[PDB]
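Heads up: the structure comes next, in structure tokens.
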Ligand SMILES: Cc1cc2nc3c(=O)[nH]c(=O)nc-3n(C[C@H](O)[C@H](O)[C@H](O)COP(=O)(O)O)c2cc1C
Ligand code: SF4
Ligand code: SF4
Ligand code: SF4
Ligand code: FES
Ligand code: FES
Ligand SMILES: [Ca+2]
């Protein structure tokens with residue numbers, strides 16, 4: 004299409020509206036109610052331009068650019084005097100009731116309303132009457148509410164209800180008394196409620212966790228990082244001030260997470276700021292805990308390791324690829340053990356084999372929204388891979404999108420699309436041990452044990468393809484439900500099969516692979532998604548190694564007398580008594596970690612490792628994409644006694660001091676080169692980000708904005724002499740403002756979005772190739788493996804149906820977005836959001852045991868009689884006890900296990 | 011707490027039969043609850059939402075959008091005087107002042123005995139016979155300030 | 150009409166099924182706007198909708214919908230019963246048929262009369278409304294409601 008803006012010719016997409024087309028061209032049109040991910044509704048009336056009928060037209064008329072298609076031969080003017088006057092008048096009308104709040108408002112300096120007030124040129128107030136006022140609501144521990152600042156742009160309700168499918172936020176009242184919030188005080192129930200603080204263009208919805216230690220956007224030190232709280236790999240911009248992690252902002256990745264995070268990623272960062280974190284190397288000498296610097300810690304550890312007869316290393320899926328590789332190089336490949344249990348390792352390696360050998364394409368997180376039917380087997384996605392659940396909700400809305408496209412409705416006219424679609428949706432079928440949060444939009448939900456969910460998957464695969472193994476013993480009603488799923492999946496152009504390792508069942512993953520293979524054999528464009536457990540579960544699976552049980556066996560038999568545990572608490576993957584006994588038997592325990600864990604009491608040496616905020620590295624997400632995270636700040640800048648290094652730096656220096664008796668702190672690119680030289684399956688992590696020599700016209704990439712303040716005073720109380728700028732030899736970023744963050748700079752790692760005149764998250768428009776698309780020079784992160792040419796065979800190991808044995812209680816896993824992840828559950832703001840510990844019981848089982856809801860019952864696992872209160876689960880099948888995985892005292896390895904003597908305390 | 015009565019629930023499902031989407035019975039469900047209890051209390055929002063299968067935020071948005079759905083307690087009789095343009099020409103201000111004097115309450119308020127609540131309302135579609143008022147279900151036209159106390163006695 | 154077969158199933162034996170409901174409002178002036186009317190009928194807040202699409206293609210619950218005033222639908226049966234030629238020759242004006250017109254507000258006879266299009270406002274004011282009341286002089290008038 005061809006448009007003429009202010010007498011200048013432009014080539015645009017005709018299927019776009021004029022606002023997103025002009026913003027993609029670099030032109031500035033003020034806007035409030037439009038969002039790239041939410042569509043156009045034409046509410047705020049801010050985006051007025053003057054449209055002319057033809058070239059020889061001087062009158063024109065004011066139109067909404069967001070509601071006007073960018074059709075071929077379209078003549079508009081942005082800088083027309085009447086259009087500018089009307090846009091200024093719209094800002095002025097918004098300003099009549101706006102509170103005098105910018106100094107005490109958390110949005111200030113990051114506020115889209117401030118930016119558009121300045122952009123329209125409105126700075127003189129002639130309104131003299133009263134301003135309307137609203138009372139605020141309590142919205143829970145994450146979101147702070149201030150309705151005075153609302154401009155009634157309806158972005159919050161459109162995102163929360165129409166996009167995120169939330170139910171507890173709405174708009175109330177009428178005329179100028181419209182109110183946006185909950186129907187009563189309470190916590191916002193959506194797992195994606197935290198995106199309101201970026202969706203809202205004003206300071207109505209703000210980050211309460213950031214508000215506690217508030218600082219302005221210009222004062223932040225930003226880095227591009229990867230969220231560490233699950234396996235999805237959403238791109239984040241952590242921002243630090245005064246040595247503490249202050250905020251997690253969304254970093255736009257047009258391939259993975261685009262505009263949105265989940266609440267665990269956004270608000271679960273508080274473990275970085277915990278005061279009990281190790282900051283120096285500490286050696287246990289008898290009952291004394293002496294503090295070492297880096298060099299003598301390396302020398303003492305190297306001497307003791309040299310005296311040892313066999314050193315084993317226990318990695319973790321929390322640690323990066325480089326850290327796990329450095330531990331593997333320190334101890335040797337045959338002495339390296341993954342820190343996860345044997346069953347978890349089997350499930351993770353099966354998921355990896357399905358992903359990189361199954362011949363079925365695995366989609367990125369944005370690509371999930373383009374699928375026409377979804378079958379989720381076993382994986383409680385909202386509690387384990389939440390952003391996948393949000394993308395699945397978008398894929399469900401795809402049917403209304405297609406129906407509206409059949410009626411020649413433009414794809415941005417979202418209200419017309421929703422009106423045409425009504426309650427029609429693409430088919431979604433979820434299976435779990437109980438109800439999920441996707442049940443509101445799912446075409447069907449199967450509440451069954453993991454064996455029965457696997458049998459349902461195998462039956463679906465057999466009915467799709469007769470070469471798949473059959474299932475004997477399916478009831479006719481379950482058969483009818485299976486047939487419903489089969490005709491929904493067979494008639495889909497793009498079916499998607501989602502599973503993962505969190506169900507605790509190998510057979511669930513096998514059944515999902517069988518369904519995907521059966522759909523691939525019929526010629527469908529089938530995709531498969533595997534949800535892993537942790538941020539680098541897939542990287543640890545690719546690297547490989549022995550299980551934690553084998554490492555504990557080596558420690559117990561005395562074959563290994565030295566153990567180096569990297570970033571692993573070891574209690575989530577094995578019983579605490581066995582771990583404690585094996586670690587007490589070992590004459591040397593060294594723990595390299597950034598969190599004070601329970602195994603540090605028996606540790607002979609503790610190395611103060613860096614968390615993700617203080618370290619660089621690579622993590623492989625659930626789709627196999629290698630992504631680099633960069634260090635946010637120097638931990639030694641304020642506290643000069645802090646010796647907190649990257650885990651790979653500690654382990655490389657330990658290996659060098661063990662070999663040549665000399666220290667070697669090395670560089671990140673050297674470790675990455677060693678990884679890609681030694682492990683060819685991880686060769687793609689080299690191209691996840693450019694090396695430390697990368698420059699934009701000779702200059703590095705700035706971590707902090709150009710208006711960063713307090714350089715000669717932030718450390719003045721410690722010393723009036725300003726310290727040296729922290730040097731970054733590892734990456735291409737600099738720990739200063741003296742660098743490049745231009746939106747036109749040829750790079751893919753953007754620490755934060757800022758453009759002149761766009762101080763809010765709307766500056767990501769300037770950083771994109773087209774608005775709502777990808778980053779201008781490509782989204783960061785590369786895929787490790789391509790889709791294989793040939794697939795796997797059908798898995799013939801169809802399990803038998805679940806049978807409740809008397810006196811034995813099968814543990815059904817229950818996951819929680821707030822509580823199941825280890826580091827995020829250590830965050831203090833999550834404790835209020837955390838559910839109270841519980842045990843779920845069937846009504847028949849609770850009546851048989853003579854217990855009601857709330858009564859405290861006790862059970863013994865690995866010789867630990869623990870007591871929990873009972874709540875009644877309607878959807879749980881009898882013979883099962885529902886336990887909250889990943890919580891304190893309940894390890895995630897308990898999923899699929901069995902319970903004895905479960906009786907009332 | 012709030013519990014929907016059997017008659018209210020049955021009327022709500024009967025209204026749900028009239029449409030292809032049960033959300034379309036939200037206004038009439040709120041009106042049914044208001045007709046039974048004078049107004050719509052806070053628990054009625056959640057009850058109507060549970061019966062209709064729609065979120066409580068949507069029911070509250072509907073209830074607070076429409077002016078004749080009362081989300082605050084009202085008196086036994088709701089006086090609604092027209093304050094629109096033709097009744098302004100015909101002199102609704104004298105009628106309003108007579109109501110002020112007789113009831114001793116401002117518009118939007120309720121009398122101390124809970125007998126009356128005074129409310130302005132938009133044009134009642136009776137402009138040729140103005141000024142107009144609407145007590146609970148009866149519209150009174152050709153109003154004069156002298157006839158207002160006589161009109162208010164027949165609503166006990 | 151339902152008891153006499155004018156409404157319901159098989160009206161006049163023609164096989165046409167038509168059910169007529171009465172939806173009572175809850176008091177907002179914006180509900181008369183046709184797309185806001187459709188939103189209110191669906192049980193939502195009565196915000197209007199952007200056009201296009203018009204309700205004829207996707208209106209109530211996404212279906213084809215036609216919204217018409219009471220007086221238009223009341224003009225329909227006389228057109229169908231007496232014919233097009235009678236309706237065109239009601240008056241010699243560009244707007245065909247009769248219209249309910251009136252005058253209100255401190256006139257001698259405020260009311261409503263069915264008049265052909267092209268009737269002057271002076272004819273309605275004096276010959277039908279009786280002019281202004283005694284002691285009052287004409288100052289202004291609004292032709293078609295508060296929004297004119
Ligand atoms: C704010 C607003 C309120 C309206 N209220 C009414 C109304 O109460 N009754 C009505 O028939 N039309 C009303 N209309 C006009 C309708 O939008 C629509 O044109 C009409 O109801 C049906 O069209 P018709 O005149 O061809 O029958 C209103 C329009 C607006 C903008
Ligand atoms: S929302 Fe924006 S304009 Fe309003 S007080 Fe806050 S910073 Fe100022
Ligand atoms: S609360 Fe924020 S997002 Fe919602 S309408 Fe008001 S300004 Fe817009
Ligand atoms: S979905 Fe996972 S990776 Fe993404 S923000 Fe949430 S916890 Fe982080
Ligand atoms: S952005 Fe177009 S009217 Fe709001
Ligand atoms: S102006 Fe009062 S009834 Fe119409
Ligand atoms: Ca570094």
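Residue numbers (the authors' numbering), protein chains in the order written: chain G, 4 to 908; chain E, 11 to 166; chain F, 150 to 297. Quick reminder that beta carbons are idealized off the backbone N, C-alpha and C, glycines included.
Asked                                                                                                                                                                                              : Found
Could you say which of G/245, G/714, G/98 lies nearest to residue 132 of chain G if we only look at CA atoms?                                                                                      : G/98
Would you mind reading off the limits of the alpha helix (DSSP H) that contains residue 68 of chain E?                                                                                             : 66–75
Tell me the residue span of the beta strand (DSSP E) that contains residue 130 of chain E.                                                                                                         : 126–131
Check whether the Cβ of residue 94 of chain E sits closer than 7 Å to any heavy atom of ligand 6, and report yes or no.                                                                            : yes
With a cut-off of 6 Å, give the chain-ordered residues whose Cβ is closer than this to any heavy atom of ligand 1.                                                                                 : F/179, F/181, F/182, F/183, F/216, F/217, F/218, F/221
So the candidates are E/48, E/59, E/125, E/102; which of them puts its Cα closest to the Cα of residue 154 of chain E?                                                                             : E/102
Leaving out the 5 sequence neighbours to the left and right, which residues in its chain are closer than 6 Å to residue 671 of chain G when beta-carbon positions are compared?                    : 619, 733
Closest to residue 281 of chain G by C-alpha separation, out of G/272, G/271, G/296, would be which residue?                                                                                       : G/296
Around the C-beta of residue 764 of chain G, are 16 or more other C-beta atoms found within 10 angstroms, so that it is buried, or is it exposed?                                                  : buried
Whose Cβ in chain E lies nearer than 7 Å to the Cβ of residue 253 of chain F?                                                                                                                      : 96, 137, 138
Just verifying my parser: in three-state terms, what is the DSSP assignment at residue 488 of chain G?                                                                                             : helix
Check the Cβ of residue 71 of chain E against every Cβ in chain G and list those closer than 7 Å, keeping chain order.                                                                             : 173, 174, 175
Using a C-beta to C-beta distance shorter than 7 Å, which residues of chain E count as neighbours of residue 298 of chain F?                                                                       : The first residue shown for chain F is 150 and the last is 297, placing residue 298 of chain F beyond what the model contains.
Given a limit of 8 Å on CB to CB distance, which residues of the region 59–75 of chain G reach chain F?                                                                                            : 70
Starting from the beta carbon of residue 515 of chain G, find every residue of chain F whose beta carbon is closer than 9 Å, and list them in chain order.                                         : Those within 9 Å of residue 515 of chain G in chain F number zero; the least Cβ separation is about 35 Å.
If we cut at 8 Å on Cβ distances, does residue 149 of chain E have a partner in chain G?                                                                                                           : no
What first and last residue would you give for the alpha helix (DSSP H) that runs through residue 541 of chain G?                                                                                  : 540–546
If contact is defined by three or more beta carbon pairs under 8 Å, each pair taking one atom from either stretch, is the region 423–431 of chain G in contact with the region 394–408 of chain G? : yes
Shortest alpha-carbon distance to residue 611 of chain G belongs to which of G/650, G/605, G/890?                                                                                                  : G/650
On the criterion of 16 or more Cβ atoms from any shown chain inside 10 Å, does residue 382 of chain G qualify as buried, or is it exposed?                                                         : buried
Here's the rule: buried if 16 or more other CB atoms are within 10 angstroms of the residue's CB, otherwise exposed. What is residue 49 of chain G?                                                : buried
Could you say which of G/13, G/812, G/871 lies nearest to residue 452 of chain G if we only look at CA atoms?                                                                                      : G/812
Anything with a beta carbon under 5 Å from a heavy atom of ligand 7 counts; list them all in chain order.                                                                                          : G/619, G/634, G/733
Using a beta-carbon distance below 8 Å, is residue 230 of chain F in contact with chain E?                                                                                                         : no
Pick from G/907, G/317, G/723, G/96: whose alpha carbon is nearest that of residue 565 of chain G?                                                                                                 : G/317
Tell me the DSSP secondary structure of residue 248 of chain F in three-state form.                                                                                                                : strand
Between which residues of its own chain and residue 926 of chain G is the CB-CB distance below 6 Å, once the five residues before and five after are set aside?                                    : Look at the range of chain G in this structure, 4 to 908, and you will see that residue 926 of chain G is not part of it.
Report, in whole angstroms, the separation of the C-beta atoms of residue 440 of chain G and residue 515 of chain G, which I expect to be a contact under 8 Å.                                     : That belief does not hold up - the Cβ atoms of residue 440 of chain G and residue 515 of chain G are roughly 20 Å apart, past 8 Å.
Quick one: measure Cβ to Cβ for residue 655 of chain G and residue 674 of chain G, integer angstroms, because I've assumed they're closer than 8 Å.                                                : 6 Å
Given a cut-off of 8 Å, decide if residue 517 of chain G and residue 805 of chain G are closer than it, judged by their beta-carbon atoms.                                                         : no
Could you tell me the alpha carbon to alpha carbon distance between residue 605 of chain G and residue 286 of chain G, rounded to whole angstroms?                                                 : 11 Å
Can you give me, in chain order, the residues of the region 183–208 of chain F that have a beta carbon less than 8 Å from any beta carbon in chain E?                                              : 189, 190, 191, 192, 193, 194, 195
Got a sec: does ligand 6 put a non-hydrogen atom nearer than 7 Å to the Cβ of residue 134 of chain E?                                                                                              : yes
Check whether the region 546–565 of chain G touches the region 833–853 of chain G, taking contact to mean three or more Cβ pairs, one atom from each stretch, closer than 8 Å.                     : no
Please specify which runs of the alpha helix (DSSP H), each continuous and at least 4 residues long, are wholly inside the region 431–479 of chain G, giving them in chain order.                  : 453–467
With distances taken from CA atoms, which of G/608, G/747, G/579, G/366 is nearest residue 498 of chain G?                                                                                         : G/366
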